[PDB]
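Participant: Residue numbers (the working numbering), protein chains in the order written: chain A, -10 to 351; chain B, -10 to 351.
Think of the CB as a built atom: it goes at the ideal place given N, C-alpha and C, for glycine as much as any other residue.
Structure in structure tokens, see below.
2 protein chains.
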Amino acid sequence: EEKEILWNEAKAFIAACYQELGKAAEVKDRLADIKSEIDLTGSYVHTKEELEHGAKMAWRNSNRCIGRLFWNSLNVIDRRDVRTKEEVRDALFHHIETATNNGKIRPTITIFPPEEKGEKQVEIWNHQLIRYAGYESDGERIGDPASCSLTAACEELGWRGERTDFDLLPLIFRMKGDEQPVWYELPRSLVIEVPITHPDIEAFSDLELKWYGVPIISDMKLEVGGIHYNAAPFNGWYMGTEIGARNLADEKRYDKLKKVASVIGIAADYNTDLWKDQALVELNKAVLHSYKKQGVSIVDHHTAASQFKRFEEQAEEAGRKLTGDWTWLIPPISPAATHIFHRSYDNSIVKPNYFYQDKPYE
Amino acid sequence: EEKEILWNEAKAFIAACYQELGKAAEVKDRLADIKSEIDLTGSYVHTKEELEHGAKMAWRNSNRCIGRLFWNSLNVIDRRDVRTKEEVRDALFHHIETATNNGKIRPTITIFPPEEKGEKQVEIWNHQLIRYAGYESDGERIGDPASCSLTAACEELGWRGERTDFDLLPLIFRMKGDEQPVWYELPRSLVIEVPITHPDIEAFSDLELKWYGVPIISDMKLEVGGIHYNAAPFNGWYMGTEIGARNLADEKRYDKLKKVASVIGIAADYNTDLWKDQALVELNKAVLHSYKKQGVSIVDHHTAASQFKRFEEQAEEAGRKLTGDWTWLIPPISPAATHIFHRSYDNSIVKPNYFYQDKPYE
Ligand code: HEM
Ligand code: HEM
Ligand SMILES: Nc1ccc2ccc(CCNCCCc3cccc(F)c3)cc2n1
Ligand SMILES: Nc1ccc2ccc(CCNCCCc3cccc(F)c3)cc2n1
Ligand SMILES: C[C@H](O)[C@H](O)[C@H]1CNc2nc(N)[nH]c(=O)c2N1
Ligand SMILES: C[C@H](O)[C@H](O)[C@H]1CNc2nc(N)[nH]c(=O)c2N1
Ligand SMILES: [Cl-]
Ligand SMILES: [Cl-]
């Protein structure tokens, strides 16, 4: 059944891919080559072109992503050649550097060798390449709660966090054949962070908030034409609400709204005062302001939604069906102020695509 | 097939209803009585108890409603006895008075005679008993755009609006047998309106905004045990976001955010300033403030969500399955600040319930 599933996904992918790339007549020969390779090796190897385009289609198909207008400009790095843990490390280090691009973020994906027969060649443990540790001990809560289990897993491996609220986690990943993952501290020179300040309210600095510049999601599986690239970190730039409305605002994350209300000088006593709403708005304004001031790419939810509307228009005029997840596309602040809120989306899954996969710890 | 559909809905309703009311042993006899009545008349008549409880269950089952905690305290008025257009008018007038209750709003439903064989006895044309007219002529836009087609329909019937932005529409409904609906101007003494002012910003009055006190939805069908009550207006009190975030804020409604930004003294030039978000928050604070100050019942979205959480807890501990529409339950401002955003809901349709029905005009 395995080979059959593979062959079928391969037929659909190559057809679609070669048609978009204006290479329709090359399908028959390529598919034959593929058919033999599968019969003879149990799998097949993508050309540079297939891989690059498949990663772009995968982005284009991510129902939950509001930033898809720019799918065709994704920078794809092919690292299917790595074999050593040192090579993986340096490739991950490089990804951070070139994606960050001194603040002018380039949307980038680095692709590692794919699974063979469900056997991972490289297994990344980080949720993001850059993320803060979290600690929960005897009622004492430090840093990012979403990182608690990974942090505890790293502290099994010989690492120890300084237990500030903003400890950078080390890169952690396992190689095929090894029993335990390895870990490498991030070079601080590679990581841009942004201090959160407010355009009008000087006291906002008293909160001593900051966040990292580039979200590099590193735990999802890229699937292209039946080939499972479990290790393929990618990044865009942030939409401000991700930081200001969720990461810093959620009760199960940094939970800062009460502190925000205090520094902006409003009471946090009565629901009818809408103090949480006001606090959210000022925190989100501060995040956008701080990133711009630091010269680090970011988008506000309004601009982002107008871009996504263009993505919609582009999809129709190219004759492609649009898919989306309304519940994730709407932004967590002022959603009714965007067009997204007022239309519906088909949530069907189209491949290529990025998928959740089981965590190697927990 | 009609009688069969009816009988089946009746069996399920009476079973459930009599069980909740601790009257389980009275089911067999009641169902027999019902079975004969259907065979002999083509339909059946609900007892006072069945009707009252069925209207409450219908509210309890409205997936899209965040205010369901108070389903069991619904005030049900039985007007199945009306036969004249004067009687309907006075019943609608009465509903407004007793629901308004001098500002201490009582959630109320008035139930009129149900359809016979799809034949409506009374057919209400208003979306709400109290709502503002809308006009769109030669690029000139006045009042509430959502009311444009009903307003044009009324102005066919001999009525004429003053073309202020806040013209009260007359009640309009048709009686079985009549070809045209009739219309009656609302007595101004019965309608509470609230001027919108802001707690801190005196200039907010310059906008001369106002809204009506009681939303009385009058175009939905109540379905109870196979009986179709097409005419059954009901009301709660407002959640502030309904007014501040949608009615006054939407581009296809009153579209006031640019004006709001101006009076609160912020520029409306750059998306990154989040001026729409700030404007939404101040407008929503003003709406809550104005209603409280006027002594008219209203709830903020936070309190409302905490109440709905209690509804959820109550549903489980009573062994009832919970149903809901996540896309409508989340409030249109700061949705991620409520628990609703972070859980999922089953959107299955359970009867009794309230349903959309086709409009008699357009
Ligand atoms: C260029 C700037 C980009 C922006 C502003 C953007 C924006 C977003 C946002 C706000 C989310 C929701 C995040 C959350 O609520 O947790 C999202 C989801 C997602 N984005 Fe993007 N994105 C961008 C680029 C990319 C790129 C380059 C890829 C991959 C090539 C990608 C793939 C996805 C996927 C797979 C999800 C859903 C993840 C999940 O289900 O957990 N996006 N995007
Ligand atoms: C007591 C105060 C109440 C509050 C605060 C409340 C709140 C809400 C809100 C905010 C909505 C969404 C409105 C929209 O976005 O258009 C809603 C929907 C709804 N509510 Fe309630 N509600 C209340 C009482 C009631 C009552 C008394 C009933 C009927 C007996 C009811 C039945 C419904 C129904 C049927 C909907 C959905 C209508 C549709 O699909 O268009 N609610 N409620
Ligand atoms: N700005 C961007 C760009 C690309 C992105 C790509 C992916 C994401 C998702 C980040 N958070 C995903 C959380 C996944 C998850 C789902 C359920 C439970 C859980 F613990 C974690 C955000 C992005 N933001
Ligand atoms: N505060 C309350 C209480 C009860 C309510 C009961 C119902 C409602 C819904 C009011 N707006 C419904 C709009 C229905 C609709 C749907 C699609 C298209 C359309 F034109 C109209 C609001 C309520 N608000
Ligand atoms: C397509 C989408 O379901 C539609 O825009 C809904 C979204 N959720 C909503 N929620 C509420 N309360 N009211 C609405 O009118 C809508 N509109
Ligand atoms: C149950 C619900 O789908 C869940 O809370 C979702 C809602 N929409 C979301 N949307 C985004 N962008 N991010 C999220 O984490 C979530 N959480
Ligand atoms: Cl993030
Ligand atoms: Cl309304």
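#1: Rounded to a whole number of angstroms, what is the C-alpha to C-alpha distance between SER25(B) and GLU9(B)?
#2: What residues in its chain sit with their C-beta under 8 Å from that of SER136(B), if we drop five residues either side in the sequence?
#3: Could you please give me the residues that DSSP links to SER126(B) through a beta bridge?
#4: Taking the C-alpha atoms as reference points, what is the distance between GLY313(A) and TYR345(A)?
#5: Given a limit of 7 Å on CB to CB distance, which residues of the segment 310 to 325 of chain B reach chain A?
#6: Would the C-beta of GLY225(A) count as close to ligand 3, meaning under 7 Å from any of its heavy atoms?
#7: Can you name the start and end residues of the alpha helix (DSSP H) that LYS37(B) belongs to?
#8: Check each residue of the segment 252 to 273 of chain A: if its Cβ is closer than 8 Å to any Cβ of chain B, include it; give the result in chain order.
#9: From what residue to what residue does the beta strand (DSSP E) around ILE98(B) run?
#10: Residues in the same chain with beta-carbon distance under 8 Å from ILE287(B), minus the five sequence neighbours each way, listed in chain order, please.
#11: To the nearest angstrom, how far is it from the Cα of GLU145(B) to the Cα of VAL171(B)?
#12: So which of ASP79(B), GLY215(B), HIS328(B), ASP289(B) has the shortest CA-CA distance to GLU231(B)?
#13: Compare the beta carbon distance of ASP67(A) and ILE100(A) with 8 Å and say whether it is the shorter of the two.
#14: By Cβ distance, which residues of its chain are closer than 6 Å to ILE216(B), with the 5 residues on each side in sequence left out?
#15: Pull every residue with its beta-carbon under 6 Å away from any heavy atom of ligand 5, and keep them in chain order.
#16: Looking at the structure shown, is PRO184(B) part of a helix, part of a strand, or coil, going by DSSP?
#17: Which whole-angstrom value describes the C-beta separation of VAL183(A) and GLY214(A), a residue pair presumed to lie in contact below a C-beta threshold of 8 Å?
#18: Straight-line CA distance for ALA5(A) to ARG309(A)?
#19: Mind pulling the chain B residues with CB within less than 7 Å of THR292(A)?
#20: For a cutoff of 8 Å on Cβ pairs, would you count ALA234(B) as touching chain A?
#21: For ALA238(A) and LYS199(A), what's the separation of their Cα atoms in angstroms?
#22: Regarding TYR201(B) and ligand 2, is the C-beta to nearest heavy atom distance less than 7 Å?
#23: I'd like to know whether the C-beta atoms of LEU20(A) and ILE3(A) end up nearer to each other than 8 Å.
#24: Should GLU231(B) be counted as a contact of ligand 4 given a C-beta to heavy atom distance under 7 Å?
#25: Listing by chain order, which chain A residues have their CB less than 9 Å from the CB of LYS281(B)?
#26: Is the beta carbon of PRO134(A) within less than 7 Å of some heavy atom of ligand 7?
#27: Once you ignore the five residues that flank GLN296(B) on each side, which residues in its own chain have a CB closer than 6 Å to its CB?
#28: For the segment 330 to 337 of chain A against the segment 77 to 86 of chain A, do three or more pairs of beta-carbon atoms, one drawn from each stretch, fall closer than 8 Å, so that the two count as touching?
#29: Is it true that the CB of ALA88(A) sits closer than 8 Å to the CB of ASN224(A)?
#30: Is the segment 311 to 327 of chain A touching the segment 313 to 332 of chain B, taking contact as three or more C-beta pairs under 8 Å?
#31: Do residue 369(B) and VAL270(A) have their C-beta atoms within less than 8 Å of each other?
#32: Using a Cβ-Cβ cut-off of less than 8 Å, give me the residues of the segment 325 to 336 of chain A that come near chain B, in sequence order.
#33: How many angstroms separate the CA atom of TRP60(A) from the CA atom of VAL180(A)?
#34: Taking only beta-carbon positions, decide if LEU179(B) is within less than 8 Å of chain A.
#35: What residues in the segment 128 to 161 of chain B bring their beta carbon closer than 9 Å to a beta carbon of chain A?
#36: Could you have a look at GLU112(A) and say whether DSSP puts it in helix, strand or coil?
Facilitator: On the basis of the data shown:
#1: C-alpha separation (whole angstroms): 24 Å.
#2: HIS116, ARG120, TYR121, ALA122, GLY123, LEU158
#3: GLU129(B)
#4: 17 Å
#5: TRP315, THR316, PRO321, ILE322, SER323, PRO324, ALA325
#6: yes
#7: 37 to 49
#8: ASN260, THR261, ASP262, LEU263, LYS265, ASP266, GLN267, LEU269, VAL270, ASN273
#9: 97 to 100
#10: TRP226, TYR227, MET228, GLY229, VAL276, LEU277, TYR280, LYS281
#11: 11 Å
#12: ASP289(B)
#13: yes
#14: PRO103
#15: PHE330(A), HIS331(A), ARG332(A), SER333(A), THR316(B), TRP317(B)
#16: strand
#17: Contact doesn't hold; Cβ gap of about 39 Å is too wide.
#18: 11 Å
#19: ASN260
#20: yes
#21: 13 Å
#22: no
#23: yes
#24: yes
#25: What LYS281(B) touches in chain A, judged by beta-carbon distance under 9 Å, is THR261, going in chain order.
#26: no
#27: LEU58
#28: No, the segment 330 to 337 of chain A is not in contact with the segment 77 to 86 of chain A.
#29: yes
#30: yes
#31: The first residue shown for chain B is -10 and the last is 351, placing residue 369(B) beyond what the model contains.
#32: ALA325, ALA326, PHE330
#33: One C-alpha to the other measures close to 25 Å.
#34: no
#35: none
#36: Note: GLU112(A) maps to strand in three-state DSSP.
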